[PDB]
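Participant: this one's sequence-less:
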């Protein structure tokens, strides 16, 4: 079966010009089109452009003529995007799509797993973890963190059954807060985009 | 080195592969040649590393397609709606700087694809005056490619493996000897390993 | 950022026709010219030729039309050189360069790490290490080694402060010798052409 | 041209739904350049309906479409629990992909939220923090009010929640000081 | 057209052998589109003889070919034990690859088969089985006969073996009931 | 044509140097096909000055070039201690790049070298060897006299040295017999 | 296609078609035409000024080229004089002494390598030399033959189309003569491809039409005079 | 361009211009032309 995977989600500051790529395998990544889409969640989706890795052929949307360019490498079968002068209006979700043998060249056959990119100037403030009649269940609290994507695990992922994670709650001061409980223990929180890992035991 | 041949039924779209080295996969023709048990080689077609100007044999125009991978220099083949007569030893060959573009300079290893529908019955091992030599017996197994080893391959000299004998009930039976001890039998189609000591 | 790397240094005899490689990443390799530069010890630079990874439009220098060919693997974006009829006049340094976004197609934007090809006939003679009132520092001496690229380390490189290495001294008999001291211990010497590591203690 | 779709839609289980989307263009070659995509909240989109005259592989037969002038309709018979996702119409007649406004299919069906309390730890009390958490979940409707009683009671909460087990959840953080906590009960309000 | 090759040949150590190859076509551009391949039994094929007007690299000089009209011949000298392999001639004048009918190279030379008998194990007797195995090996000629004595006695046997030690091997598996086995056997081997 | 460059030049700290290089050709489309490259001893070359009408990215503003007919000039202001490297002119007007003879840029400045002695180990003495090593370092000039006292005493040494820490060093290996080594030494050092 | 049409070719006949096969360099495809000059034309293969046929040529870089150097193709670079049209020269003489080194070897090799782009790639050329003339036709197109009728229908003898009547002739056509030609450069008789009988080709009946009419202001009745044609015809 | 020049085209008028569109094989481009013959020019699309 054909496989497709994007790069990990990252958070960059305006002016870094990240290089989120896309890895393809399981087929000849030269005769199938590939593209990307991104738009504010409150506005839906928007098509950026497509590229044919077989030869020199690129088509971009009128709304992305000079805002972003699309490139691809036929050798390692890996596409490569490139941005210029990132602004605050670039905090959108990036999904990739391919031609596929189902429809025409413009029809989007398959999709990736997604890559979240958020534009912020909060200097990537590190998160903090604080623990919490029932005893029975335990839980931990993560507060004082500006970035939204935060991964919470228990015993480095040793416990999977009975573990649940609630969505984050944005406070009025501009900070998020989420709750993670486990049915019964060290709650490990590792912020991958910032490489910040904080451990806490109930 | 090539991938193993798993027992498949006609219509499952199996895949074979071969790994080559010692050249650049840029402008050298490469193809696949099969060999059915009891006959000679049969050339199907070739593929070019650049524009895939594939030229298939008249007897293989709509029976097999070439889906070789260029990024890893590993050849692959794709099938669809196979038949029982598709069991053959596929050899991967390349152009080479020895002869012309159609001439085959080098060859691969070859893998014999096995097609059967006997539900892949599990094998069985049974033990056996010379002491001095010992041996083990393997019976009640339908698949042919069954190998027998001694002490997980610790003894190599003085070890011989006889070909399997086709039984009247469709099964096979193999015998092995060793110069003298645990005999290990591995069954690839069923992924079952049985150990026996004389 | 764009990166470039070559293969390790090699030492062969005249008539073996050695082969070198070079791998690049971080950019569209098939859209930038790439070549090699010959540098003989004690003289100026020499240019052999370049090659385009898309189509190998090789343009060799008039002084290098029948001495060495240039090839590149477009499937993996890796160049490959092939020297025919190796002689004693091929003991020069080979630096690779790419086009880049700085100048034109012929302008060399960036450079590689370099690969040393030393012509010799001593059949790769094995090295030997010998150790050394004033105590205070300790040192080791490496003698009877024909190949030049020989490095000396202390405790497998665990100690770096106070460590110094002097250039090798070529004797009249045809053997090199270098001195390495450490501020105060096992001195480790690695021989690349023979892949032999000799351990010595003062 | 720009595609037009309602901001939000709703439909009970077992009944059919006809999502409308206008703005279809036509060129030389045909006018059936209409496809649909299903994007679950917080998940990757999937190709469900393209070339409505045909159907893809693996897609259930309960999805269908039809063309009528410049207006298309997506007919989904037998709405189930896994059908709660966003649907987007696509037009690709001018060699360009145009997405619609998006329609969130909020399914309805037959549904007492659980009330729990969790006191803060000593690490927060030592840092002049008395954040009390009142966890409320196991409620089917997408509306829930969480508060505290001293006097009607900083406090923040989120009404919606991601769908992972066909159920909704909620949580609140009564970010107060221990000096005011020592000087309370969680308030639950639901339809 | 189909290439015709002899099914089996009989050579000798130190002598020569000529493998025939007929049915070779030709097109405009030449008539030397003849190539031979060496494929060992159960191993990977290797290019041995191509462009008989020239000599391939790495192939010993004791291999050569000739052309006479539409019939070609493969002249091989110095037949040894390791030279036992399959050979096929190829014709690619019309940009189509064709192969012959298969050739098996056998050599003659100076050749007592090993006759061993093993009684059935206890695990077979507990399963109401009694398998009498008579192993035969270490015989160069291809003449062997397996028989047992009860009055003469399902039973299957395979005369050819696998190319692993350059020696032939045959075995037979007589399956009988333990009640009839305990009520009485010997193996009779006939060899040149 | 061939580019001409001075082999060795002399400079100073804080001064300026104007590297000259002639023999530059021209073609239709322009005549500014002039570029410069810097290669430190024991390091990979780096592009410092190309298209002298402009300046590259990351290169300090102290490097600049100019054109005057068929002669180019490379002006470097503020010669620091780490600027000691080779420079080459390049002409790519005829689609063929050429390099000059190389300009070794040296600087002068304000400079008692350290003299140490190390006797050989027993492993060399047991093998009928005696290597007397006299280490000289902490001297600014690129030349130093190495000798020994017996009356002043094969022996080889290297006069130049790499710029590892903006300094120069020297080493010598007096290979003698253990009997002559035990029969007496003192290293004789003479500085300019 | 000189003298013939690339599409209107399956409806004609030919005497003897010869397909000249040779591979030349990519950029060297300039002199393959009637009346060309150059090294390749005057040294290896020259076309006559009256050439008739299609000079078929296509790229074959993927077949006649090898990265290690495909030196099996040679070309004559030096020659004592210019080559005549349709002439072959395979001599390996040196164009002095017995060996070269001072005179040089006129048989150089092509550097056919896939590295070289367009211009140096090998190109296979198939010169389909056609000769359509009064010679007996031995090869024709896939068109089928119809029934033969004699005594005003359209005829088609080996691609020679026309209109006329057929009559039993008493001529003495030779076995190697297929078509006949009169003073007016027209075909007066032709030999059938199937049967060896000779039939004359005579145009159908015709004649001038003179209208005899009075003034329009007098009457409208007119008379017709078939001048040169009898009333019985 | 038959009867008209490709460059001197923006300075002329037309009664009714019809832009046809159809995809054919690569070797069939020599058949889409007036007076040509073949399978396409006789069965699918012909120019006067």
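Facilitator: Everything's here; your move. Numbers count the residues shown, from 1 in each chain, chains lettered A, B, ... in the order given.

Participant: from here on, contacts and neighbour counts on C-alpha atoms
Facilitator: OK.

Participant: for the nearest residue to residue G:39 once chain neighbours are set aside, grab the count of nearby residues.
Facilitator: Using CA to CA, 6 or more residues apart in numbering or on different chains and skipping the chain neighbours, the partner closest in space to residue G:39 is residue G:77 (7.0 Å). Residue G:77: 17 surrounding residues under other CA atoms under 10 Å in any protein chain shown.

Participant: surely residue G:77 is in contact with residue G:42?
Facilitator: No. Between residue G:77 and residue G:42 there is no contact under CA atoms under 8 Å: 9.6 Å.

Participant: ok, and residue D:128, which helix or strand is that part of?
Facilitator: Using DSSP states H and E, residue D:128 sits in no helix or strand.

Participant: who touches it in this structure?
Facilitator: Taking CA atoms under 8 Å, 6 or more residues apart in numbering or on different chains, we find residue D:128 in contact with D:177-178.

Participant: got the phi and psi for it?
Facilitator: Backbone torsions of residue D:128, given as degrees, to the nearest 10, read phi 60, psi 50.

Participant: tell me where chain G has helices.
Facilitator: Per DSSP state H, chain G carries helices over the ranges G:39-43.

Participant: same check, this time on chain D
Facilitator: So, for chain D - with DSSP H - the helices run D:122-126, D:178-182.

Participant: which of those helices sits most buried?
Facilitator: Ranked by mean neighbour count, the helices of chain D are led by helix D:122-126 with a mean of 13 (mean count of other CA atoms under 10 Å in any protein chain shown).

Participant: packing partners for it?
Facilitator: Applying 3 or more CA pairs under 8 Å, 6 or more residues apart in numbering or on different chains; DSSP states H and E, we find helix D:122-126 packed against strand A:128-131.

Participant: mind listing what the next helix or strand after the strand it packs on pairs with, with the direction of each?
Facilitator: Downstream of strand A:128-131, the next assigned helix or strand under DSSP H and E is strand A:137-143. Sheet pairing of strand A:137-143 (DSSP bridges) gives strand A:128-131 (antiparallel), strand A:176-183 (antiparallel).

Participant: save the ones you listed as a markdown table, and put in distance to residue A:79 too.
Facilitator: Output for the strands paired with strand A:137-143, formatted as a markdown table (distance: least, CA to CA, whole Å):
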| stretch | distance to residue A:79 |
| --- | --- |
| strand A:128-131 | 36 |
| strand A:176-183 | 34 |
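
Participant: can you lay out those as TSV showing mean neighbour count?
Facilitator: As requested, the strands paired with strand A:137-143 are exported to TSV (neighbours: other CA atoms under 10 Å in any protein chain shown):
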stretch	mean neighbour count
strand A:128-131	19
strand A:176-183	20
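
Participant: which of those sits closest to residue A:106?
Facilitator: Nearest to residue A:106 among the strands paired with strand A:137-143 is strand A:176-183; the distance by CA to CA comes to 39.7 Å.

Participant: how about the residues of chain A that lie near chain C?
Facilitator: A:71-76 (CA under 8 Å from any CA of the partner chain).

Participant: strands along chain G, start to end?
Facilitator: All strands of chain G, identified by DSSP state E, fall at G:18-25, G:53-59, G:74-76, G:107-109, G:122-129, G:153-157, G:160-168, G:189-191, G:198-202, G:208-212, G:223-227.

Participant: about what we covered before: name the member of the residues of chain A next to chain C with the most neighbours.
Facilitator: The residue in the residues of chain A next to chain C with the most neighbours, by other CA under 10 Å, is residue A:74 (25 neighbours).

Participant: need the strands of chain G in a markdown table with mean neighbour count and distance to residue F:99, can you?
Facilitator: Below are those laid out as a markdown table (neighbours: other CA atoms under 10 Å in any protein chain shown; distance: least, CA to CA, whole Å):
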| stretch | mean neighbour count | distance to residue F:99 |
| --- | --- | --- |
| strand G:18-25 | 16 | 35 |
| strand G:53-59 | 16 | 40 |
| strand G:74-76 | 17 | 38 |
| strand G:107-109 | 15 | 34 |
| strand G:122-129 | 20 | 37 |
| strand G:153-157 | 14 | 76 |
| strand G:160-168 | 15 | 73 |
| strand G:189-191 | 21 | 80 |
| strand G:198-202 | 19 | 84 |
| strand G:208-212 | 11 | 92 |
| strand G:223-227 | 12 | 97 |
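
Participant: so can I have CSV of those strands showing distance to chain H?
Facilitator: Converted to CSV, these look like this (distance: least, CA to the nearest CA, whole Å):
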stretch, distance to chain H
strand G:18-25, 22
strand G:53-59, 13
strand G:74-76, 32
strand G:107-109, 33
strand G:122-129, 18
strand G:153-157, 19
strand G:160-168, 18
strand G:189-191, 28
strand G:198-202, 29
strand G:208-212, 34
strand G:223-227, 38
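
Participant: residue of chain D nearest chain E, please.
Facilitator: residue D:57 (38.9 Å; CA to the nearest CA).

Participant: go on, chain A?
Facilitator: For chain A, CA to the nearest CA, closest residue to chain E: residue A:28, 26.9 Å.
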